[PDB]
Amino acid sequence: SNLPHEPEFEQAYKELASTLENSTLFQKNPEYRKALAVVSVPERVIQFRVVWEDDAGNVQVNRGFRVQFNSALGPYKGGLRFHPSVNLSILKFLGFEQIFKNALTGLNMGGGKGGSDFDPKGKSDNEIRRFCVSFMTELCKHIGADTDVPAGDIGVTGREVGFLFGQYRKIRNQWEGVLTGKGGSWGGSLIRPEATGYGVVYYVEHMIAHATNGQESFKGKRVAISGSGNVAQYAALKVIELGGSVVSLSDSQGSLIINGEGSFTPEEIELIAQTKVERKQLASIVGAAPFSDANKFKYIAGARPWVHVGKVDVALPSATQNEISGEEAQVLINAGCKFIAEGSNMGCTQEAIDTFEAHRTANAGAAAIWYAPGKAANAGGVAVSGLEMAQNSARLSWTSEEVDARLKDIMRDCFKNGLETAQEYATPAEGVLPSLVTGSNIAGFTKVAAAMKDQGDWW
Amino acid sequence: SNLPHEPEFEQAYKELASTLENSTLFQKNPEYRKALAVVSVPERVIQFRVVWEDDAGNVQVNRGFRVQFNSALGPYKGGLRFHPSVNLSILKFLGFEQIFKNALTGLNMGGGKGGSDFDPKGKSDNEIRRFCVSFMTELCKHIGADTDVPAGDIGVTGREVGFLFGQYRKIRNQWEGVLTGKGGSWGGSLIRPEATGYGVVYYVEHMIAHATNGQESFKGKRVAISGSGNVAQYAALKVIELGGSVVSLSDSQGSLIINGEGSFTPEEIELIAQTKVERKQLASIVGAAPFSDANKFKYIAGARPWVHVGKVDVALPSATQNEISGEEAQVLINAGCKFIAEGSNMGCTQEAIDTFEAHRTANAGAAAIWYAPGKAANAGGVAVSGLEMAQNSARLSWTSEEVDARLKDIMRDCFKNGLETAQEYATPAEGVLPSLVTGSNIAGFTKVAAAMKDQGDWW
Amino acid sequence: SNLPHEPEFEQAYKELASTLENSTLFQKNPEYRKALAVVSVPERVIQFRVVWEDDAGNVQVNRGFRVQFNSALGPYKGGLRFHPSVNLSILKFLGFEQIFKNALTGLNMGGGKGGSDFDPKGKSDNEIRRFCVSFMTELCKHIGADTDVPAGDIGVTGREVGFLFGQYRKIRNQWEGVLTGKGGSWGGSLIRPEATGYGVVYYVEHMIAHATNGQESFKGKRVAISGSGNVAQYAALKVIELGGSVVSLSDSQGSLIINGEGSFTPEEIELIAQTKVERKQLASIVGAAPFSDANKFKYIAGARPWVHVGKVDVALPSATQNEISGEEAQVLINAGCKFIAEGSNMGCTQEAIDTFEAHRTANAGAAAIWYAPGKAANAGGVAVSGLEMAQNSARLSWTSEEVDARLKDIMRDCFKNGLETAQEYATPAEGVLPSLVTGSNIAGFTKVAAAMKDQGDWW
Ligand SMILES: NC(=O)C1=CN([C@@H]2O[C@H](COP(=O)(O)OP(=O)(O)OC[C@H]3O[C@@H](n4cnc5c(N)ncnc54)[C@H](OP(=O)(O)O)[C@@H]3O)[C@@H](O)[C@H]2O)C=CC1
Ligand SMILES: NC(=O)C1=CN([C@@H]2O[C@H](COP(=O)(O)OP(=O)(O)OC[C@H]3O[C@@H](n4cnc5c(N)ncnc54)[C@H](OP(=O)(O)O)[C@@H]3O)[C@@H](O)[C@H]2O)C=CC1
Ligand SMILES: NC(=O)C1=CN([C@@H]2O[C@H](COP(=O)(O)OP(=O)(O)OC[C@H]3O[C@@H](n4cnc5c(N)ncnc54)[C@H](OP(=O)(O)O)[C@@H]3O)[C@@H](O)[C@H]2O)C=CC1
Ligand SMILES: O=C(O)c1cccc(C(=O)O)c1
Ligand SMILES: O=C(O)c1cccc(C(=O)O)c1
Ligand SMILES: O=C(O)c1cccc(C(=O)O)c1
């Protein structure tokens, strides 16, 4: 009767719900409508005040959150976002998505998300430390290795994970896998930094192989990426390793595009990584080598990369939600883009999704642009967090090769599940690619819904 | 301003600190001096009264301790010592060492140590049971499988571990890996009894192979060992298995030396083991066969074995701290000893260490006596305890061969790390052996210090 | 066998033990020797590292302690001392005393003591806040309204209690009487600030009334006080209210003596109170009015007040332990002092006590100087803390008059108990005053010892 407006959450919900309705799911099992009503209300939300001291001795106040959305498949799992936009609506969209993403990994992880409106930009490392100490002082009451296992989303790196982990141990007096994205000597997993970007690229490899009947791969393709943080960096590295070209990165202030044919180099990605560790903008490094080379790089203030990259074969938005508009989607199609996968959560606007999906239904086979939703394509991060949990519970670390192999198998299974599910419940016209968004949504949702029923959450 | 004098702890600290100062560590990273000040104050110490009833019905009072020194790398881990010398100073030296030893294993274990001034000698098994029951009644508030995992050091065998484990389960109502050194049917690990002695010998094998360019091994070498408990027994067995000769054992009342050329036999080690299970002295068994054979054995009351064994190639003090004096170190050098490794914690006096290290810097290659500190060489015990924890968390036991293989890999990695670290930070003159004490200390310390920084313990 | 030297604790123990031996206690009940051995080993001690951030952003490290000595009569109870001298020995002397003091109040409070070597002098309020936050972050694991209830001893005021209480609530998520000395709006008791000083004076009133057969009182008497903190301030105020003269106060840097006949005024005590709130020395206020008036005040740097006050009738050391030497005791006797009561814990050296007691046995009636130990005379503070606990458990505050009346009854009962106990177990020669130190010690000890036996601590 009197619920507040939560636009981001409503967007995520509406897209999921629409894909479920536009299938035979509720014809065969109309009772699953009850599951949808129940699943869409989070099990628990904690909000709390975070008072912390700045370097001048002043009192500062921020808001802390943890949404514990669903635990049918496992303990709550998902990142912490420290960004000035953060509110309950955003964290609910993220936590809702997380439920179904986690289901697609095949691991036992429920969905959650948290964070704060604290803005790490402009803060000293000391200020970030004090903030994390205050934040976890409250959060540690509500989380635990078999309860809720956070990690780092936007604004939360290994640095923040460390300060958070330290304070948890201090209060709780237990050394356990309560956070993932931990450091190598204190319970971290090899491949976790790489996991999301690598996984997105692994997933798109299956998309390319399927759409082109094994004729094409990333070798020789031009890939536009947005963001320049954890997901963007490692997606870029994997593309390069597979012989593809990375033709854009961006941040909140502008885009850094490759001028003509060519690619970001691993060395350049490393320099950008070090800049971002220091919480600096791409704009701050384009006045010196190598990024001042105007024949290789064009910095465009205030722009997203999509309309400025020219011809592209693959688009991997890897920054933030709603970062590909309807217009930009049409431009990418016109630029020859045949593959778009979300590194970022809810990276595409609804207008963009509708554009990509309309295009898929109008164009046979490899002529279609194929859209993969984040809950499928970006699941590598949380999957590898699941493996970090597994390693922590075994008290033994695995090799890079072991973790990467499992990650590859998970991304393959996720792709196949979404493809086959779409084929069965939302069968496309002959020659048309099945909807990976529809298939992924149905596959994630039904697994969760049935587990919920088994456990008496609904009946 | 008004801190008490803790001689053993101060000794351990001073030796660590000196080795760090005599390197390039603080030239490259002077901030690590802050880490040293923080790490050297234990996170937590619990002391408690232990009232227990003797077989006559009398009230008896002893003191109980658990030092929880550092948890950056994992839950607190280290043994319990029941010996009349026990006090906070001793347990702090042991727990401080434990931090860096544990770091060298590559497993996620923090450093701790505890115990009591209770003297098991002269007690009935019933008295030991009542004492352990009382002791754990308090200790169980402070320990746990993800918090602090004790085990048996001097005076604490599988018998005491059993009584302790029983009482923990009774109160806490959890069956978990809270202690290691457990029995085979109730969560123990194969190879744990053997682990420390085997590991010391494994480590020395790498020392011999490196110093002699693969030309020598334990085959044909004469090895003087002190103590006759868990570490000494299994070190002796491994030496014998590798074709070496064990020419001494000792206890608190005297030494039992091999008279001439020859060795303790596995059968004789077993008889000594059974004597020690009964808490009897070596002096009590030399009046009968086989130990009354004066052509094989000489019992020397009140003596350590070092000056009485004649020519020796390897010395493995395996009893207690400060059991090789400056004089005894010179005698071992004069007797041709080229390898000395601590089975016992802080087995060498500082005078001994200085003598061994001066000798190493004065003599090229295989001419030097090479000293390996306990934190490197005796780490096999705690390593295998880590694997017992891993097995308990998996709910499945491993084979003897699996545990032993991992132990071998751990001792190899520990040796290599200490060797290469010494080579990099405290580079010896050409032809001179790198300092394993310096390398081990730097390698353990930096790993802990950096994890502490990551977790906000210092900044 | 290998226990560390704890001089202050040994002093407290030896004096108690001597008074018990010099009585008929162990003739009638020799089994109580067993009780003494058990009671003298603390039930539990927690020590912990306290890392805190100074105003420059530097890491600082101090040591934290809580001695939980005895809980036969109630939850552990006693103050926190923040002073650079603090170590385990000091806190054990204090906690040991606390057991028997608490027993004499008639309330259900066990004995404990804690604190830190942190020195509040030279720190900002912000630094003190950060220190208290860090300190309680660990201490809150070990204390609670029905477990252990600390409060403020030397260096710990209502300010520090507030910061400590805040952090406890933050972590533990319980609002309860875990600390006493709390503020008026957040669970404090009327009369708690006044309690110790008032109580000392109340107790001495009974001493005067008894020794002089009701002929004298505080009216017209000259009272030398040491210290200028909580105990000294309110002892001074009560003396003034009863028509006595306060002729000295002191701090760690010197004494401020009344020059001739006259008294500190309540207004002057208030100014000194405000100076001490700011953590400043008496030396800093003698350069201005009213304390620059050399006809009223003499400031003597580096001196205790005892030899500089001339003729005095009552001495109330109210600063710290061992602050009246053997010499100073003889001087006070020579100055006509007939009443000495410890505001401070273990205020008198053993030499002083022996001097006062020898004098009592050599001089009949009112000719003797009468010594009252702190465990009797300074018990008003902890008694009123007991009433603060009672008020917190009732969820209702009492009036100033209610609390003060109970305090008066408690001090009367304590005096009577010590007097009558001395009369029964250590009967003085006819005309000689009974030993209040002996009587107080026996009365406190037997109550605790018998409760311990009832509860199975010894048998
Ligand atoms: N890390 C992981 O494992 C997972 C991440 N994701 C999602 O990937 C995306 C990126 O996360 P991640 O790389 O880890 O985060 P990072 O903080 O490391 O990087 C985020 C990047 O996106 C930019 N960005 C963030 N918010 C905005 C915004 N409101 N407007 C414009 N630009 C913005 C940032 O620019 P700037 O520096 O200027 O602010 C930065 O370049 C997110 O949507 C995240 O939820 C999905 C699955 C796993
Ligand atoms: N057990 C393990 O896994 C580990 C042990 N260590 C260290 O190895 C050493 C031996 O431990 P462990 O074998 O397990 O213990 P045990 O109790 O099984 O045996 C100890 C041996 O050393 C003698 N000993 C102990 N204390 C003294 C003392 N003050 N003076 C003279 N002799 C003494 C004992 O003689 P007696 O019987 O007469 O008292 C006994 O022979 C210790 O320093 C221990 O800390 C190091 C790493 C792992
Ligand atoms: N507060 C209470 O309710 C109780 C207190 N006590 C005892 O009363 C005595 C005073 O405590 P309290 O008034 O509360 O504490 P405060 O900190 O308020 O005042 C302590 C006074 O004693 C001085 N002082 C403290 N330590 C030393 C030292 N080593 N050497 C010289 N002077 C020193 C201080 O001088 P400066 O400022 O220069 O350091 C100050 O004037 C202590 O012995 C305490 O244990 C006994 C029963 C109850
Ligand atoms: O649980 C995680 O490791 C994690 C961290 C950051 C983002 C995500 C996500 O799936 O969006 C998960
Ligand atoms: O943790 C252990 O298993 C243990 C037991 C005895 C000694 C030691 C040690 O490293 O000294 C560890
Ligand atoms: O428990 C208390 O309130 C307290 C505070 C300060 C000192 C004392 C004491 O008895 O010495 C008690």
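If you read the sequences in order, they're chains U, L and Y.
Using full-length UniProt numbering, read the first sequence as starting at 2 and increasing by one per residue.
Using full-length UniProt numbering, read the second sequence as starting at 2 and increasing by one per residue.
Using full-length UniProt numbering, read the third sequence as starting at 2 and increasing by one per residue.
Here a beta-carbon is modelled for each residue, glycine too, at the ideal position from N, C-alpha and C.
Is there at least one Cβ from chain L nearer than 8 Å to residue i's Cβ?
| i | result |
| --- | --- |
| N379(Y) | no |
| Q48(Y) | yes |
| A395(U) | yes |
| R67(Y) | no |
| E177(U) | yes |
Identify the continuous alpha helix (DSSP H) that holds residue i and give its terminal residues.
| i | result |
| --- | --- |
| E22(Y) | 8-22 |
| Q234(L) | 231-242 |
| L397(Y) | Here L397(Y) belongs to no alpha helix (DSSP H), and DSSP marks it neither H nor E. |
| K35(U) | 33-40 |
Which residue's Cα is closest to the Cα of residue i: the options?
| i | options | result |
| --- | --- | --- |
| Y169(U) | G263(U), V247(U), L140(U), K114(U) | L140(U) |
| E268(L) | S253(L), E262(L), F292(L) | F292(L) |
| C133(L) | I100(L), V52(L), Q392(L) | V52(L) |
| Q175(Y) | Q234(Y), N335(Y), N393(Y) | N393(Y) |
| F298(L) | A274(L), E262(L), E22(L) | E262(L) |
| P85(Y) | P121(L), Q351(L), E343(L), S2(L) | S2(L) |
Just to confirm the assignment, what range does the beta strand (DSSP E) spanning residue i have?
| i | result |
| --- | --- |
| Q175(L) | Looking at the DSSP string, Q175(L) is not in any beta strand (DSSP E), and its letter there is neither H nor E. |
| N63(L) | 60-71 |
| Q48(Y) | 45-54 |
| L250(U) | 246-251 |
Does residue i have its Cβ less than 8 Å from a Cβ in chain Y?
| i | result |
| --- | --- |
| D458(L) | yes |
| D56(U) | yes |
| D355(L) | no |
Pull up the CB-CB distance for residue i and residue j, whole angstroms please, since I reckon it's below 8 Å.
| i | j | result |
| --- | --- | --- |
| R50(U) | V62(U) | 6 Å |
| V87(U) | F66(U) | 7 Å |
| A450(L) | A36(L) | 4 Å |
| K102(Y) | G445(Y) | 7 Å |
| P76(L) | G111(L) | 6 Å |
| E9(Y) | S90(Y) | 5 Å |
| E98(Y) | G375(Y) | 7 Å |
| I259(Y) | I301(Y) | Contact doesn't hold; Cβ gap of about 12 Å is too wide. |
Quick check: is the beta carbon of residue i nearer than 8 Å to any beta carbon in chain U?
| i | result |
| --- | --- |
| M137(L) | no |
| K124(Y) | no |
| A36(L) | no |
| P76(L) | yes |
| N174(Y) | yes |
Inter-stretch contact at 8 Å, needing at least 3 Cβ pairs: the segment 51-70 of chain U / the segment 122-134 of chain U: yes
The segment 72-91 of chain U contacting the segment 417-426 of chain U, beta-carbon criterion three pairs below 8 Å: no
Segment contact flag, the segment 142-154 of chain U with the segment 304-322 of chain U, C-beta cutoff 8 Å, min 3 pairs: no
Any 3 or more C-beta pairs closer than 8 Å across the segment 401-413 of chain U and the segment 245-254 of chain U: no
At least 3 beta-carbon pairs within less than 8 Å: the segment 227-239 of chain U vs the segment 208-215 of chain U: no
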